[PDB]
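Structure, as structure tokens:
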Amino acid sequence: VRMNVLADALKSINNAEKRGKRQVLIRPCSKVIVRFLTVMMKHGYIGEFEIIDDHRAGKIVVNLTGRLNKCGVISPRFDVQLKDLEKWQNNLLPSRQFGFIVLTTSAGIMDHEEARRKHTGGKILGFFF
Amino acid sequence: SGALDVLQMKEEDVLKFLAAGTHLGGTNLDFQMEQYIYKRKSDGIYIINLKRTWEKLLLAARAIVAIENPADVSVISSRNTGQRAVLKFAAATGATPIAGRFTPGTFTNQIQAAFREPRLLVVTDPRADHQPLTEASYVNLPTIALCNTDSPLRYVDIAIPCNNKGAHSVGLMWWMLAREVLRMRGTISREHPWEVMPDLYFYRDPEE
Amino acid sequence: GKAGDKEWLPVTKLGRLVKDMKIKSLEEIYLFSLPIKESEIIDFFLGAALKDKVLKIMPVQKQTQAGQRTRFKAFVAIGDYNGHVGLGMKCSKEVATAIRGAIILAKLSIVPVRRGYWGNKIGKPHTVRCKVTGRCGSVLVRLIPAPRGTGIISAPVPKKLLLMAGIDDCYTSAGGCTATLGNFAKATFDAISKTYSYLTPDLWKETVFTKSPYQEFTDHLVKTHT
Amino acid sequence: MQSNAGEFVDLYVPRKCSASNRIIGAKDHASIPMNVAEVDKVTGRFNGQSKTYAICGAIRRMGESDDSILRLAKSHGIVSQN
Amino acid sequence: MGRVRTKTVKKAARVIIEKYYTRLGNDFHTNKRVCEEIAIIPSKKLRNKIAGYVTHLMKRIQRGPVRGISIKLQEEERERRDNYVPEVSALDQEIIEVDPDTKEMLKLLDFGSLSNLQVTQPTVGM
Amino acid sequence: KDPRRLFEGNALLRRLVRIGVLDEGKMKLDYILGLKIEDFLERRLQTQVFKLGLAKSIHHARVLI
RNA sequence: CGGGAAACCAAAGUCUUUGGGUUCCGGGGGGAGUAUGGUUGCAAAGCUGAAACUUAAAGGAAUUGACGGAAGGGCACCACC
RNA sequence: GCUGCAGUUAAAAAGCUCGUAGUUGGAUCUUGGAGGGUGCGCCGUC
């Protein structure tokens, strides 16, 4: 069955972009999916998206450009300690310079750069570049 | 429209097309061709969109102009129904030829005696002419093509839906292309009609 | 030097532009993705002052009617020191030919490398923009950007290829049967070549681009023959 | 690809597909674009002045290059009701 | 059989015939003289063997076009033959007979035409 | 600016400069990363006693010292 | 497309760009499913399961000959008729 | 072999399923303007 819903949305995306696709319909969506789709959006890795309202759990249409090499999800959502964030981005990001680790902290779902600036930390959601 | 008016449909042409039985289309659609399809006739057969067949043909024509050296557009057919057809196209527009057994190593392979470096290939059956369509994709050359409803779309950018089951459908479409290209960047002038009878394109064949 | 230059004559329009001093850098070819079939083209545009190192010799064989056969296989790598490299394997009757052909093969294959900054981009790129990996029949090489002074941390054979490519500093990790040298070098070759394929945010924006020297030079590249 | 003092380094900036916005990289010679002529309106008279699109090896091997051209040609004309 | 002409011979025959058809003949004796005029052949046995096979060809050509040989005269002959066209065959005779739907094909194509209806029955696969 | 990075970085630099091993623009960390062995080796006695006549050999120098 | 050493594989794909859930077994080959204790069995046997010692390849896949009392094969009085 | 292994054929998915512990669990409840750090010659950049 389902343990997580994010992992499906992310994968669906990745296969869309790999095909050469410019849109996807993910299902079923969640506040966390929105928040993650949103961080991606702010940065350029996707275009605009749209939450369609079935009387159920939702369905999202993402319009994607093609700046996206990969958006992954980290499971389980490990706790990170401010100097485990430095260790994570190195593990899974292309160059020190770019790509984001996106985690969930007490003060919001955020990319790790925003994390560093706020100076808060938490549990790791996923990534992209 | 687009480029602005006259260039639209002309009953005169929609008449030659319907006459030549182009739009008739294959019973097996194929997925990448679904757009061309107007409607499915009862007793299985599909009606191609001549309007669409038209406009793409013009789009093709335009891409053939813009190649500066007309010789280096290669019109190609191993199919019989398209052999006199392409020979004629090459006579009018610059356009060098490749009929019959394409001969493998013609695009890749300097050494060979049919070595050609076209800047544009136009093919008549993507299934029969698969070799040229493959070789072309080994060396960055764009492709116009003859496609019925169930033809390979791989490595062909620009299709002009036809009928290619045959008759004059293959004749007319090569005719109209040459007619179109001579109009554009040529010198027919006055996207007015033909001193050339389209039959001149069209397959020959046998003798008793 | 004086030995009497040959008389290259070109099969290919791309070649004519090159000899004519119409095409001056490989970049034109690379941007256009023109295929290169005449080795001299590579030779004229670069390669001049590009050094070729022979990586391996190992012999093989297959069975005849009346028993055996055996022959020499040479692995050659070519590259300046900056940003260009190629790799060629050949097997031939004689070592000299095997090497001579291998070099030709390597040159045809010459590939772009995108070299980048570990992070603070001062005084020009020392390493790689991102991390790129390549696989060849179960060997896989991963290149990782590294800080200055790190150098090429790779096996000797790989270090040699990366060196010619013109990479200063890079971390590597290799998995698979590293022993089978032809495979390992091939994967690393794929790895480096992949750098151009990476799209970074720097690259995000587009472009009238180019008309292609083939088109502009078109007359030029139909001489007076046939 | 800036350097220290806003300088432009490494060695080239590749063209990007007209359909997928993905780098044409650099030795993939199973890919090409397509110069469409501009017309001096009115009609005929090829006048330059290319309208041009570049299509990736990928799209073409997946049995697109064509349509992509049409989204491309109509969206920017010519081509209408496609 | 035992005498199967080899390429060096067979080639020369195709060769001469291509550039010599109106000169050459039906008869061994004369081409043999002709090969002296139109070709330089080193031994007499070869030249004979050539003259001979090319004659066997000429004998065949002069009874039906042969699989891989072309000469200016044969091209001209095919050219003229490849003209034919009668009263002409379609007509098709007053009135096309349609299969209907093909009738509905015109009916919903905005197109007048001649007519006839006989289109019914389904319709097995295989 | 990170008290740890500031306090120790500046110190490493100042130490590296007192010995001449390092220079100012270097004299930031971004430059030590792009440095080498000669730069140290150049500061030993032996090569200096050459470097101002008072030896005329890296040789002479070491036996002198 | 993509995977795999390939044979192959629309799953053996989405695996160095390595992270959807869970469960099980393997770490060179032989000694060995053997010894020994436990357990189940009327019995035959089953489950769990070592070591000492032995040894540098065991093995997989593809490629090619050689060779066949495998199939279509041919050719020659150095073969038969 | 957490990070970071392999198990169709190489050493390795129990004949199959039920099933407690253990592990694992769908969507959904709040919505430019200036202050301070270091670079570049009174101006600004981040």
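Every read-out reported here was derived from the displayed coordinates using simple, explicitly stated rules and does not represent laboratory data. Quick reminder, even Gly has a Cβ in these numbers, built from the backbone with ideal geometry, and neighbours come from all protein chains shown.
The calculated Kirkwood hydrodynamic radius for the protein assembly as shown is 33.0 Å, given to one decimal from all distinct C-alpha pairs. Neighbouring Cβ atoms from other chains, within 10 Å of the Cβ of residues in A:88-95, number 3 on average. Both radii were evaluated on the Cα set of the range C:130-215; the Rg over Rh quotient, with Rh as the Kirkwood radius, amounts to 1.09.
Only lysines eight or more places from B:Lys165 in sequence, or on another chain, were considered; those with a Cα closer than 28 Å are B:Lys10, B:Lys16, B:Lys39, B:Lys41, B:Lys51, B:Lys56, B:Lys88, E:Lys103, E:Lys107. Once backbone amide H atoms are built at 1.01 Å from N, C:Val111 has C:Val85, C:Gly86 as its partners under 5 Å, excluding neighbours fewer than 5 places away on the same chain. When shorter helices are ignored and each DSSP H run of at least 4 residues is given -39500 (n - 2.57), the per-residue value for chain A at 222 nm works out to -9500 deg cm²/dmol. Looking only at C:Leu34, C:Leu46, C:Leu162, which one moves most when chain C is put into a Gaussian network model with springs between Cα atoms under 10 Å? Greatest mean-square fluctuation among the candidates belongs to C:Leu34.
Can you give me the angle between helix F:3-18 and the longest principal axis of chain F, using Cα atoms only, in degrees from 0 to 90, rounded to the nearest 10? The helix F:3-18 is inclined about 20 degrees to chain F.
The mean count of C-beta atoms from other chains within 10 Å of the C-beta of residues in C:20-27, rounded to a whole number, is 1.
Listed cross-link partners E:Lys10/E:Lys59; C:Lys24/C:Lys107; C:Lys2/C:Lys107 are compared with a 19 Å cut-off, the Cα-Cα value being larger for C:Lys2/C:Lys107. Take chain B, mark every one of the chymotrypsin sites (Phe, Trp or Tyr not before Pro) that falls in a DSSP loop and has at most 16 other Cβ within 10 Å, then report the longest stretch left between them, sites excluded. Counting only loop sites that pass the neighbour cut-off, the longest clear stretch is B:32-114.
Based on Cα contacts under 8 Å between residues 6+ apart, chain B shows a relative contact order of 24 percent. Here each label is just a point 7 Å from Cα along the line to Cβ, and for E:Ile40 and C:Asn82 those points are 6.0 nm apart. Computed per residue of chain B from DSSP H runs no shorter than four, each worth -39500 (n - 2.57), the mean residue ellipticity at 222 nm is -8500 deg cm²/dmol. For chain D, the relative contact order is 23 percent, taking Cα pairs closer than 8 Å that sit 6 or more residues apart in sequence and dividing their mean separation by the residue count. Between C:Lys56 and C:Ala3, the FRET efficiency estimated from the beta carbon spacing at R0 = 35 angstrom works out to 0.75. Site pair A:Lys18 and B:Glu195 shows an inter-label distance of 6.0 nm when each label is modelled 7 Å from Cα along Cα→Cβ. Which of rounded, prolate, oblate describes chain C, given a ≥ b ≥ c as roots of the alpha-carbon gyration tensor eigenvalues and a/c under 1.5 marking rounded, otherwise prolate only if a/b is larger than b/c? Oblate is the answer for chain C, as a/c is 1.5 or above yet b/c matches or exceeds a/b.
Note on C:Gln65 and D:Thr52: with the Förster distance fixed at 45 Å, the Cβ-Cβ geometry gives a FRET efficiency of about 0.15. Note on D:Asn4 and E:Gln62: the model spin-label points, each 7 Å out from Cα along the C-beta direction, lie 9.1 nm apart. In this structure, the residue pairs whose Cα-Cα separation is over 22 Å, taken from C:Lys124/C:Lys194; C:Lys124/F:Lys36; C:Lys160/C:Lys186; C:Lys53/C:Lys121; A:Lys59/A:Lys123, are C:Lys53/C:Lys121; A:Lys59/A:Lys123. If you sort the three axes of the alpha carbon gyration tensor as a ≥ b ≥ c, you get a/c of 1.5 or more for chain D and a/b no higher than b/c, which makes it oblate.
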